Amino acid sequence: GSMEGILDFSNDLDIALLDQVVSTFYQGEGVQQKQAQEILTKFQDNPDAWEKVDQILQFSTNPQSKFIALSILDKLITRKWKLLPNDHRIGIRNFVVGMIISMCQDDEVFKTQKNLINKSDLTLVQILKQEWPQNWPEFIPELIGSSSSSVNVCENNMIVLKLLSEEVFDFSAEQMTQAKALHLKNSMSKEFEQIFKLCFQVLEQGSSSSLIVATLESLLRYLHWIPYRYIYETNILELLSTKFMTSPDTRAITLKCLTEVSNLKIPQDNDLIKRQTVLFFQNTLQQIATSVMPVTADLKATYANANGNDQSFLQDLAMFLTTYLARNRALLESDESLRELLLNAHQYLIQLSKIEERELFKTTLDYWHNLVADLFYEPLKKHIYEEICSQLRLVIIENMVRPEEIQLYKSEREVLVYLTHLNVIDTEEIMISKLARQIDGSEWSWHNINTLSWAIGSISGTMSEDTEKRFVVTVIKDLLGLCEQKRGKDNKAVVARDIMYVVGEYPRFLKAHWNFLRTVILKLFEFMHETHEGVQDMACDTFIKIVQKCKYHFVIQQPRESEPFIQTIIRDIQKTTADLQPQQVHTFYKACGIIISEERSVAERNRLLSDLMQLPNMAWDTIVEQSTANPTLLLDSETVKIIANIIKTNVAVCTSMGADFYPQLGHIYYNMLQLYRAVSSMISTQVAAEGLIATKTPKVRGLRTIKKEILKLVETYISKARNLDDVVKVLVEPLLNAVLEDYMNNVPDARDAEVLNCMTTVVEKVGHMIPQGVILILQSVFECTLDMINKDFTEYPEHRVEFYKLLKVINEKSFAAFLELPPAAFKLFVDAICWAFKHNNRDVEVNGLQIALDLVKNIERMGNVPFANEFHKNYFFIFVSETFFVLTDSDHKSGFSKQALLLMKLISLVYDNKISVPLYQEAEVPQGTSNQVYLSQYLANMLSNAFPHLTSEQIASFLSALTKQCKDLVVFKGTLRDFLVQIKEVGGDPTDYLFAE
Amino acid sequence: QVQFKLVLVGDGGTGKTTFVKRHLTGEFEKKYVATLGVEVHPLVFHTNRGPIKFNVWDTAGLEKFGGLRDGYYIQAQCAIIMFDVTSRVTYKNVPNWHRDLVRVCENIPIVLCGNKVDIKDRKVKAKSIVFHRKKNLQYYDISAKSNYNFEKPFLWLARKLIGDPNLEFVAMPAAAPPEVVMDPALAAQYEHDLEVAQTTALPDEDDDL
Amino acid sequence: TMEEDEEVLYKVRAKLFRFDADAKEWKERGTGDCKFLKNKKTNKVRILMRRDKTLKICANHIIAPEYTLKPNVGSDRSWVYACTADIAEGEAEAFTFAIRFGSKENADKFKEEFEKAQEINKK
Ligand SMILES: Cc1ccc(C)c(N2CCN(c3ccc(C(=O)O)cc3NC(=O)c3ccc(Cl)cc3)CC2)c1
Ligand SMILES: Nc1nc2c(ncn2[C@@H]2O[C@H](COP(=O)(O)OP(=O)(O)OP(=O)(O)O)[C@@H](O)[C@H]2O)c(=O)[nH]1
Ligand SMILES: [Br-]
Ligand SMILES: [Cl-]
Ligand SMILES: [Mg+2]
Ligand code: NA
C-alpha cells in the first residue's frame with residue numbers, strides 16, 4: 001500500500017504520509033488499522049528513525065505523530081546516547097527544551113495537548129538522567145528562573161520535577177546501576193533547598209488551582225525521600241491541613257500528601273513535634289467535618305451513589321486515618337482534650353467500614369486488627385474504645401465471609417475473637433438479637449442466616465466453658481425452632497446446613513456431652529440419605545470435621561454403652577453410606593480411619609481396620625477371582641468403576657492412617673500389582689487396535705484411573721511409613737517389577753507421569769537402602785522421559801515437572817546412581833539440567849538450578865579423584881556459560897537469585913583453588929597459569945562475544961568486582977544487576993563496579 | 001454507538017489475550033502465542049442502560065514484542081492491568097505497568113486483575129496484593145480458565161464509564177431461529193466434516209462440565 | 001429478551017463446543033443453562049443457550065427433525081450433531097456442535113428430550 005512509503009528511508013520522509021498512517025492507526029478500523037500498526041512499529045524500530053525526529057516535531061500537525069517521534073528519541077537517549085558527539089547531544093537537548101517552552105507559551109496548545117507535553121517532559125527527564133548535573137550544572141537554577149516568567153511554564157516545571165523525583169528515587173532500583181542511582185539521588189538532595197523554596201512559594205502565593213495541584217503532586221513524590229524538617233520546620237503542615245483541605249480541586253492530592261507526612265522518619269522524644277503531629281490531624285478532621293461531611297454521615301450510601309470523585313476520596317480518607325492512627329493514636333489517648341478527636345477519627349473509620357466495597361473493607365479491617373490486638377495487650381486502653389468496639393462487633397458479624405475465603409475469614413475471625421475477649425456479653429447479645437431477627441423474619445435471608453452462622457462459629461473457644469455451654473445451647477435451640485418454622489426443603493436445608501456448621505465448630509461442647517455428640521452423629525447419618533443438593537456433602541464434611549476434633553470419644557467405651565461407637569459406625573456402614581456418591585463414601589471411610597488411628601493397641605487397631613475394610617475387601621476378593629478367571633471381564637466399564645472406587649477407598653483410609661494402614665495394604669498388595677499389569681496389557685492392546693485416540697476413550701481413561709489410584713495408594717503408604725525395612729523387603733521389589741518396564745515400553749502418550757511421582761517418594765524415603773533399585777529407576781525412566789520433554793517447553797507438562805523432581809531426589813539421596821552411568825548418559829544428565837535452566841515453567845527452572853547446585857556439592861564432596869577432575873574439565877565451563885546465558889537474556893528473571901547462587905559457587909571453586917587440574921587444554925595458555933587467570937580470560941572473551949558493544953574496561957571491571965564479591969551473595973547480586981543495566985546501553989561507566997554502600 | 005477505548009497491559013503470559021478471546025468467542029486458548037505490539041477487537045455487552053462497546057487494545061507484555069509501547073495508551077478511557085497469581089515477578093512489574101499507563105492516561109478507571117486463581121499453587125498471596133489501595137484501582141481475583149469473576153472487570157468499568165452504580169448485564173434479545181431446508185448437494189460434504197469432529201476428542205474431559 | 005412467547009420443556013446445565021476445520025480442534029462457545037423453548041404460536045421447539053454471567057447467546061437454532069445426536073470418541077456424557085442454521089452470533093451459519101453435560105444421565109435425558117422435541121417439530 002501507499003503507507004509502506006514511510007519505511008523507505010532512501011527517500012526523504014513524507015510527513016503528511018506519516019500523519020495519515022498514524023491517523024489510520026488511532027482512528028481507523030479492522031484491516032487498515034492493523035496494517036498502519038505494523039508499519040508504525042517497523043518505522044519506530046528502524047535504528048536511524050531517531051534522525052527523522054527533529055523533522056517530525058517541526059513539520060507534523062498530528063500530535064500522535066510527535067508522540068511516536070518522542071518514543072523513538074527516548075529509545076536513542078536511554079540506549080545509544082553516549083555514541084553521539086557532545087555538539088549533537090546539546091542539539092537534541094536544545095530542541096526538546098525549545099518545544100516544551102514553546103508549547104507552554106501558547107495557551108491553546110498547553111490546554112489541549114497535555115499528552116504531548118507530558119511525553120516531552122518525560123523525554124527531557126531521560127536526558128537529565130544522562131547529562132545532569134555533570135554536563136548541565138545550571139538546569140535547576142534556569143528551571144526555577146524560567147518559572148517566574150509564566151504560570152504555564154511554572155506548572156509544567158512541577159511536572160518535570162515530579163517525573164525527575166520518580167525516576168531517581170521511586171523507579172531507579174531496577175533501571176540504573178547502584179553508583180548512578182546514588183549519584184542522581186545525592187545530586188537532587190544537594191539542590192533540593194532551591195526546589196523546595198519555589199514549591200513553598202507557589203503553595204503560599206496560590207491562585208491557579210491547576211498550578212497548585214501540580215505542585216502538591218510533586219510534593220507527594222518529594223515526601224518519599226526528603227527529611228522531616230522541610231515539613232515540620234516550615235508553615236507547610238498548616239497549609240496542607242487547613243487551606244488545601246477546604247478546596248475540592250486540591251483535597252484529593254493533599255490527603256495523599258498528609259498520608260505520606262504520616263510516614264516521615266521523625267524524632268520520638270520531642271514534645272513540639274508531637275504537638276505538630278496532633279495539630280495537623282486535628283485541622284484535617286475539622287476541615288472534613290465542616291467542608292465535606294459530618295461524623296454521622298452515611299458513607300455507605302455516599303460511596304454507593306458514586307457521584308464525582310467521592311469513591312476515591314473515601315478510599316484516600318480510609319488510607320489517611322488508618323496510616324495516621326496506626327502510628328500516632330497513643331498521642332491522642334492520654335490528653336482528655338484530644339478524646340473527641342480520637343473517637344471522631346475512629347467513628348469515621350466505623351462509617352468507612354460499612355461501605356460495600358471488598359478492598360476498602362480489607363484496608364479498614366487491617367487497622368481494626370492492629371487496634372483490637374493493642375487493646376487485648378495494652379493496659380488501660382480498652383475502656384477508651386468501648387463504644388467503637390461495640391459498633392465494630394456489629395460491622396464484623398454483618399460482614400463475616402465463609403471460611404473458604406481463607407485470608408479474609410482469618411482476618412475477620414481474629415478481630416471478632418479479640419472483640420469477644422474484650423466484651424463477651426456484648427458479643428453474645430448482638431449474636432442472639434441477630435438470631436431473633438432471623439426468627440421473626442425481619443432480617444431473614446439465606447445470606448443473612450449463613451453470615452450469622454459463620455460469625456457464631458468463628459468465636460468458638462473464646463468464652464469460658466460454662467458461658468460457651470449456655471450460649472451454644474441457646475443458639476442450637478433457636479436454629480432448631482427456625483428450621484421447624486420454615487416451609488419448603490430449600491429453606492429447611494439452608495438452616496440444617498447452618499446447624500451442622502455451628503455444631504462442627506463447637507468441639508469442646510461435644511467432648512464434654514457424649515449424649516449430644518452421639519445424637520449429632522446419628523442425625524448426620526440421617527442427612528446422608530437426603531438427596532436435596534448440598535445436604536449429603538455437608539453431612540459428610542461435618543462428620544469428618546467432628547471426628548478430627550473428637551475422635552477419642554469414638555474409640556473409648558462411653559459409660560451406658562455396650563461398645564466403642566466406632567464399632568457401631570462400622571456395623572451399620574453399608575446402610576449409612578447406601579445413598580452417598582463415591583467421593584462422599586471415601587470421605588466417610590477416611591473419617592473412620594482417623595478414629596481407628598486413635599486405638600494404639602496393635603491387635604484391636606488391626607481388627608477395626610479389618611472390619612472397616614470388609615465391604616471393599618469382599619468386592620475386591622470377588623473381582624480378583626473373576627478377573628483372574630477371565631481377563632475379558634475387566635473390559636466392562638461397570639467393573640472398572642467398581643475397581644477404581646475400591647482402590648480410592650483404600651487411598652482414603654491410608655491417607656488418615658498412614659503407617660497403621662500396612663496390614664490392609666498387605667491384604668491387597670500382590671493382587672493389586674497383578675491388576676496393574678493386567679490393566680497395562682489392556683491399555684497397550686487398545687492403543688494397538690484403535691491408535692493414540694484410544695487414550696481419550698472413557699474405557700482407557702477408566703483403566704488408567706486404576707493405574708493412577710494404585711500408584712497413589714503406594715505413594716501415600718510409603719510417604720508415611722515407619723517400618724522402612726518392610727518397605728524395602730516387601731513393597732519395593734514387586735513395585736519396581738510391575739511399573740518400571742511397563743513405563744519404558746509404552747509409547748509416550750500412554751506413559752503415566754504418576755510413575756515418576758511414586759518413584760520420587762520411594763527414593764525420598766528409602767533411596768539410601770536400595771542403591772540397585774535407584775539405578776533400575778534411572779535406566780527405566782531417564783532417557784525415554786528426557787526424549788519426551790527435550791523438543792519444546794510445552795509437551796508433557798506433568799512428565800516435565802515430575803522428571804526434574806525425580807532427578808533432584810536421586811541427586812540428593814543416591815548420587816552413586818549417576819556415578820554408575822556410562823559417560824554418554826552422564827552427558828545427557830548435564831544437558832537435562834541445563835535444559836531445565838532455560839524453562840519458564842518456574843517448578844522446572846528452580847529444580848534445574850537446585851540439581852546443578854547439589855551436583856557441584858556432590859562433586860566437591862568426592863575430593864581429589866579422577867571422576868571430579870574429569871567433571872570439571874568436561875562441564876565447568878558448560879555450567880558457567882549456561883548460567884550466564886539465563887542471567888543475561890531477560891527471559892528468566894524469576895530464577896535470578898538461584899542463578900546468582902550457582903554462579904557464585906562456580907566462581908568461588910576457582911577463587912579458592914578447590915579445583916585440582918588445569919581447566920584449559922594443553923598449549924592454549926602458558927603451562928604454569930592458575931585457573932583464576934584462565935577463568936578471567938574465558939569470561940572476558942565470552943562476555944565480549946555475547947555483548948560486543950561493551951568495552952574491555954567495562955568487562956574487566958565487572959569480572960574483577962564479581963570474583964572479589966564471590967563470598968558475599970547480596971553484593972554479588974548487586975554487581976550482577978549493575979551488569980544487566982549496563983548491557984542494555986552503550987558507554988556504561990566501568991567505575992560503577994566499585995560501588996560500596 | 002456508545003464506545004470506550006480499553007487498554008489491557010501486564011507481563012507476558014499473564015492471560016491478557018486469553019481473557020479477551022474468552023469474552024469475544026467464549027473459547028479457552030490453551031496455547032501461548034505472544035501478542036505482537038497490539039491486537040484491537042470490539043467487545044459489546046448488553047446492559048439495562050443499552051449496549052456498551054469496548055474498543056479493546058490488547059497490548060504485548062514481552063519487551064521484545066512491545067511495539068509502540070505507551071503509544072497504545074493515547075486516548076484510552078479505561079484500562080486493565082493483569083498479573084499472574086502463580087508468578088511473583090508479574091506482581092512486582094504491576095507498578096511499572098501502572099507508571100507507564102498513568103503518565104499517558106491521568107484520570108481513568110483501572111482494574112487490577114490477578115489471573116489464574118484456578119491453579120492450586122498460588123505464589124502471590126491475598127495478603128501481598130495492596131498496590132491498588134493508594135492508586136484507587138479496583139482489584140479482582142480472576143481466572144480466564146474457570147471463569148471466576150470473569151465478567152467483573154467489564155461490569156465495574158461500565159459502571160464507572162456510564163456513571164451508573166446499578167448498571168447490570170442483561171440477556172440480549174434472542175430472535176426466532178430460521179427453518180431447516182438442508183441440501184442434497186451438501187449431504188456427502190456434511191458426513192465428512194462430522195466424521196472428523198466425532199473422532200477428535202473434546203478437551204478437558206475431567207472438568208465438572 | 002424475546003423468550004416471553006415460549007414455554008420451557010427442558011433445562012439442563014451444559015458446555016457447548018464448535019468444531020473448527022482449519023485447526024483440527026474443538027473450541028468452547030459457552031457454558032450455562034441449555035433450554036428447549038416451545039413457541040406458543042407455532043409449537044416450534046428451539047435450543048436456546050446463554051453464557052453464565054454475561055448471558056450472551058451461544059446457541060439459537062430449531063431442533064430440526066433431520067439432526068442426529070452422535071457419540072464423541074472421548075466422552076460418555078456428550079453428543080455431536082451438525083446444525084444447518086444457528087443465529088447466536090447473528091447471521092445463520094452451519095456448525096458442527098458438541099454439547100457436554102455433568103453426567104451420563106444428563107446426556108441420556110438430553111437425548112430423550114431432543115427426540116421428543118424432534119417429534120413436536122415434525123407436526
Ligand atoms: C435439623 C438438625 C440439623 C442438624 C443437627 C446436627 C440437628 N441436631 C438435632 C439433635 N440436636 C438436639 C435435639 C434436641 C435437643 C434437646 O434440647 O432436647 C438438643 C439437641 N442438641 C443440642 O442441644 C446440641 C447443642 C449444641 C451442640 Cl454443639 C450439639 C447438640 C441438635 C443437633 C438438627
Ligand atoms: N491455568 C490458567 N492458565 C491461563 C489462564 N489464563 C490464561 N492462561 C494461559 O496463559 C498462557 C498465556 O496466555 P496469553 O493470553 O497468551 O498471555 P498474554 O498476557 O496475552 O501474553 P503477551 O501477549 O505475551 O503479553 C496461555 O497458555 C493460557 O492458556 C487462567 O485463568 N488459568
Ligand atoms: Br497499603
Ligand atoms: Cl479429647
Ligand atoms: Mg497477548
Ligand atoms: Na433468599
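Order of listing sets the numbers, starting from 1, for every ligand and every atom in it. Residue numbering restarts at 1 for every chain, and letters A, B, ... go by the order of the sequence lines. Note that these values count all heavy atoms, side chains included, but never hydrogens, waters or copies made by symmetry.
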> In a check of side-chain contact (heavy atoms from CB on, under 4.5 Å) between A/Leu240 and each of A/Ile253, A/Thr254, A/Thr284, which one passes?
Replying inline: A/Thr254
> side chain to side chain donor-acceptor pair (under 3.5 Å) with A/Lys362: which residues, sequence neighbours excluded?
Replying inline: none
> Salt bridge between C/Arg18 and C/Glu89, side-chain N to carboxylate O under 4.0 Å?
Replying inline: no
>> Between the side chains of B/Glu205 and C/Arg100, is the shortest nitrogen-to-carboxylate-oxygen separation below 4.0 Å, so that they form an ion pair?
In response: yes
> Are A/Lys256 and A/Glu260 ion-paired here, with the side-chain N under 4.0 Å from a carboxylate O?
Replying inline: no
> Taking NZ, NE, NH1 and NH2 as the nitrogens, is one of them in B/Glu27 or B/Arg22 under 4.0 Å from a carboxylate oxygen of the other?
Replying inline: no
>> With salt bridge (charged side-chain N to carboxylate O under 4.0 Å, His left out) as the rule and sequence neighbours excluded, what pairs involving residues 65-77 of chain B come up?
In response: A/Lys119-B/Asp70, B/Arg69-B/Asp100
> Which protein N, O or S atoms lie under 2.8 Å from the Mg ion (ligand 5), given by chain and residue number?
Replying inline: B/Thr17 OG1, B/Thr35 OG1
> Would the A/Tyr26 and A/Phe67 ring centres measure less than 6.0 Å apart?
Replying inline: no
>> Residues around ligand 2, heavy atom under 4.0 Å from any ligand atom, sorted by chain and number. Can you pull those?
In response: B/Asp11, B/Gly12, B/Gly13, B/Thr14, B/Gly15, B/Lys16, B/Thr17, B/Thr18, B/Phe28, B/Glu29, B/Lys30, B/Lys31, B/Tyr32, B/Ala34, B/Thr35, B/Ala60, B/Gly61, B/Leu62, B/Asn115, B/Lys116, B/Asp118, B/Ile119, B/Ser143, B/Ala144, B/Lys145
>> For B/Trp57 and A/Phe25, I'd like to know if the aromatic rings sit close, meaning centre-to-centre distance below 6.0 Å.
In response: yes
